[PDB]
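As structure tokens, the structure follows; a few thoughts come after it.
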Amino acid sequence: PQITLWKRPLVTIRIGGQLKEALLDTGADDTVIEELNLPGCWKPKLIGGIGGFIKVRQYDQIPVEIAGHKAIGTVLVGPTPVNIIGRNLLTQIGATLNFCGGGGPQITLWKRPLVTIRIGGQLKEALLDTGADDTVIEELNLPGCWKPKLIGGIXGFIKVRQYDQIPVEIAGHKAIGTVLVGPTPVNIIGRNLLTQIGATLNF
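What the sequence shown shows, in the entry's author numbering, is residues 1 to 203, in sequence order.
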């Protein structure tokens, strides 16, 4: 299907014979699901996100059906805030990011979807993250007024400054909206701006 980004791209998945809801997340390398039992052997791993690191169980070669498309691959199980399908399985189901409904650039998900953006007169690299509601940019001396905010992901919450009506050009496409500024490990373009550039998921 083709999925737009006005709402979270939540889908039903089948894993270990059970149904779960999960977010299609182009900003995730891996697939992470809330605590559950999976048949098979696992190994301990740590993974990170906006707020720090969590401990997970890594299960390899697990069949997962994602809105009716089959994948077989690595699933990490642990205390993630949201079940997420990451690039390791998005690539298996042939999911791509597409601008302006397919008229614009197509971005495959074999590697992190990093693009050039312009904000505040500065050029930066940022990750297109369908699993992010908001856009979070590395510490940058943006002029203007702001309001404090906390935002969360794997690892917990960070404090940021919320600026409104900030122009952001993404891969040459103009957008304007809310930007959150703080100590994010990677600059993230979230759905609030991805929708403005007509970005969709397709598979």
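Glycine included, each C-beta is placed from N, C-alpha and C at the ideal position.
Nearest-angstrom beta carbon gap, residue j and residue i [assumed within contact, 8 Å]
i    : j    : result
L123 : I107 : Not really, about 18 Å apart at Cβ, beyond 8 Å.
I137 : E169 : About 13 Å; that fails the 8 Å criterion.
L127 : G49  : Wrong, their Cβ atoms sit about 12 Å apart, outside the cutoff.
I3   : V64  : Their Cβ separation, rounded to whole angstroms, is 17 Å, which puts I3 and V64 out of contact at 8 Å.
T80  : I33  : 7 Å
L36  : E21  : Actually they do not touch by this definition, with Cβ atoms about 13 Å apart.
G198 : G101 : 6 Å
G156 : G51  : 4 Å
Limits of the beta strand (DSSP E) - the one that residue i falls within
i    : result
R118 : 114 to 119
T178 : 173 to 181
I166 : 156 to 170
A22  : 18 to 24
Reduced DSSP secondary structure (H/G/I, E/B, other) of residue i
i           : result
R8          : coil
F203        : coil
residue 204 : The displayed coordinates of the chain run from 1 to 203. Any statement about residue 204 would go beyond what the structure contains.
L38         : coil
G73         : strand
Proximity winner among the options, relative to residue i (alpha-carbon distances)
i    : options                : result
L142 : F157, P167, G131, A126 : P167
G73  : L109, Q61, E21, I84    : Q61
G152 : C41, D133, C145        : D133
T184 : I154, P105, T200, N192 : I154
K111 : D129, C100, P1         : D129
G144 : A171, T135, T178, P79  : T178
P1   : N37, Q165, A67, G51    : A67
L5   : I13, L23, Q92          : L23
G104 : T135, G172, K149       : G172
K45  : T195, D30, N37         : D30
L109 : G182, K20, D25         : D25
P113 : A175, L19, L201, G156  : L201
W146 : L90, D164, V186, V75   : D164
Counterpart residues of residue i in DSSP-defined beta bridges
i    : result
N98  : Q106, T200
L128 : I189
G68  : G68 is not bridged to any residue.
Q122 : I119
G49  : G52
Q2   : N202
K149 : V160
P44  : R57
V82  : DSSP, once it has assigned bridges, lists no residue as partnering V82.
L194 : According to DSSP, which records beta bridges pairwise, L194 is partnered with nothing at all.
First through last residue of the alpha helix (DSSP H) which encompasses residue i
i    : result
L142 : Where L142 is concerned, there is no enclosing alpha helix (DSSP H), given that its DSSP letter is neither H nor E.
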